[PDB]
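One chain is shown next in C-alpha cells, namely the form described as "open state" in its entry title.
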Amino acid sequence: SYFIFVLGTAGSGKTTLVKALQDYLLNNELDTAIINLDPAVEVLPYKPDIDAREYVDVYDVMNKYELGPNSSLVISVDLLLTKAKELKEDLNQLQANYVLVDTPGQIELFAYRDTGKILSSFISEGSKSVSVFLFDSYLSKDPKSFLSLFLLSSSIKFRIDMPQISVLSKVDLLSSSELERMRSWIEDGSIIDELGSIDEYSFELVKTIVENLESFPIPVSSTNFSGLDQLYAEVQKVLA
C-alpha cells in the first residue's frame, strides 16, 4: 500500500487534483482508492472509498455544542482522532496499492494541530507515505507571496514528517510568459532583484532557498490534465 497526502492552502486545488490524479492513475491501470479527511466539504468531484463525513458530522457538532462554524471546524477535525480506530479498520478492508488522502480545506487545521500528525502517521502505519504540497499559481504570481509559499511548504514538512513533493497547482491560470518569469525567479535567482524591501533575516532566508533548492515545483493543471505524468514519476522516485 502507498499513501499520497495532498496538502496546500484552502482553494489551492487539493480536492480537484485528487480526482484528476485518480483518473490518471486508473487510466494507467493502477487501482487507487481515496480517503477524504475533510469532514466539512460540501461537494466532492470523486467517489471516496473512506469519507470522514461518514465519521464526523460538522453540523451535529454545531448544535450539540452550540458553537459557530469556526469552532465546529476545529472541533470536528479533532474528533477524527477519536474515530481513528474505525479509520484504520476500514483501511484494511480496502485492497489497493495506492491510496490518495484528501486533507481538510485549511492546511493549518491539519498540519499545526496534533490531529494531523497522529492521523497521517496512524493511517500510513506499515506503508510508504509521501506528501504533495500545492503552490497556488494565483498566489505564486507575486514574488513575495511565491517565496512565502516556499517557507510554508518547508514549515509543513517539519510538522508532517514525511517526504514532500512541491507542485505548482492550477498552472493553467498562468501564461507561458508568467511561468518563465517564475521559473527564472527560482532557477536563476532573479527573484532577488524583484524582492522589494527586506530585512536581513528574511533576505538570508530567500538566499538559502534559491541557493539550496534542488528543483522547481512541478507545474500541474488538474483542469488541463497536465503535469500528472511528472507528478506521478516524482511520487514513484520518492517511494523508492
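Residue positions are given as counts along the sequence shown, with the first one as 1. We call the rigid core whatever largest set of C-alpha positions still superposes within 1.5 Å between the two forms.
Not on display, but discussed next: the form described as "closed state" in its entry title.
- Large C-alpha shift between this form and the one not shown, rigid core held fixed: of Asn27, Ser175, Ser184, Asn70, this applies to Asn70 alone, with a displacement of 2 Å or more.
- Relative to the superposed rigid core, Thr115 undergoes a CA displacement of at least 2 Å between this form and the one not shown.
- The rigid-core alignment places the CA of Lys47 less than 2 Å apart between this form and the one not shown.
- Fitting the two forms on the rigid core leaves the C-alpha of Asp199 displaced by at least 2 angstroms between this form and the one not shown.
- Compared with the form shown here, the C-alpha atoms of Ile50 and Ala111 sit at least 3 Å farther apart in that other deposited form.
- Note on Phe110 and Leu152: their C-alpha atoms are nearer in that other deposited form, a change of at least 3 Å from this conformation.
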